[PDB]
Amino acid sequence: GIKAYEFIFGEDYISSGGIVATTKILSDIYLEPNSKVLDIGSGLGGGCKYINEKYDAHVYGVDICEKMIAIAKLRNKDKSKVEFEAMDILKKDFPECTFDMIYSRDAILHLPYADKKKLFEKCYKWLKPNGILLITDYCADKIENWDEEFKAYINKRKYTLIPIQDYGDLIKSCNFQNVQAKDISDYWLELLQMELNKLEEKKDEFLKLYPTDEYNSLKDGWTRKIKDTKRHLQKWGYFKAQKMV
């Protein structure tokens, strides 16, 4: 229905396709084509498009949301080197040693604990010798600050949040080496403000395309996220590891 599409596109507009964060996160990543890359939680395909353009790598985007996959395919028709599939990544199987990089931006919070482990084991199998695992995800921080409105928000969206430390260790337990686990919450805050800023600046143009209710919902939502981060309820985690085989 129209409501789901409207929120998908409205969020894409305010995040400017997510291109700022992707750019920075891949700024020190080096691939030689024709590398093969998997993007877990590929959304509207922006990260896949960018990775292909920057590296001329084959990119395979998986997302559980069929609407988004449909849009992604439509946005990236010509490029034979970019592929998309609608499926729960937990139900995917790829051959051993298929990928040079497996990349995932803010998708893994959607998995319960055992399922996070299950995915990382899969990722280990699917990577080529020397392959890299590259992830951002939301992590638990000051649970002593967690309150009734926060818990109900996470419970409702079905997020499963863990500390950066435990996350890094969980990856390490799947045989990954060179495991790096960094708090990038300061950068998260900066991205969030820039996105709220864009929304407020462009309110009039936004309303030509989106109903007033959505503008208000997104403004209030971004405002809450910024407040959540400033209160240190959660950290944005950055993780990089390598399959050394």
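One-based numbering along the sequence shown.
- For the two regions 187-195 and 56-64, the entry's Cα B-factors average higher over 187-195.
- Judged by mean Cα B factor in the deposited record, 150-158 ranks above the other of 150-158 and 89-97.
- In this entry, the residue among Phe120, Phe84, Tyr113, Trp126 with the greatest C-alpha B factor is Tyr113.
- Among the modelled residues of its chain, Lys219 has a C-alpha B-factor that falls in the middle third, as given in the PDB entry.
- The PDB entry assigns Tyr103 a C-alpha temperature factor belonging to the lowest third of its chain's modelled residues.
- Among the modelled residues of the chain, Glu32 sits in the highest third by CA temperature factor in this PDB entry.
- In the PDB entry, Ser173 places in the middle third of its chain by CA B-factor.
- The entry lists a Cα temperature factor for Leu26 that places it in the highest third of the chain's modelled residues.
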